[PDB]
């Protein structure tokens, strides 16, 4: 279990590419980055299915087609090394992630998740 407060601060790194904008258009976190998908509603979301994002890689779509819904266990392994995670999960030797960024600290991964659990759950 992470700490939502430390998570919100560490989310600053993710803001270079991601935003968290709700369904009414309110910006919860971030500026205007569109390199990565909107993370609002990511908790429990089938991987690679945010309807507005058109930049998903084959590995990510394939992972969601094989039953990956984001929960803490997979999220933590994923942000630490996206490509390695995609290959393991899919069993596809050619899978590779578009997210070139890698989170270097494990404690941060849990913190950011606690923060997402707070502000990114769609009812």
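Numbering follows the first chain given and starts at 1.
Engineer: Mind pulling up the entry and telling me whether 113-121 or 2-10 has the higher mean Cα temperature factor?
Structural biologist: Going by the record's values, the stretch with the higher mean is 2-10.
Engineer: On mean C-alpha B-factor from the PDB entry, just flag whether 29-37 or 58-66 is the higher one.
Structural biologist: Mean B over CA atoms: larger for 29-37.
Engineer: Among the choices 93, 79, 86, 43, identify the one whose CA B-factor in the record is greatest.
Structural biologist: In this record, 93 carries the highest C-alpha B-factor of the candidates.
Engineer: Can you tell me which third, lowest, middle or highest, the CA B-factor of residue 72 falls into for its chain?
Structural biologist: CA B-factor rank for residue 72: middle third.
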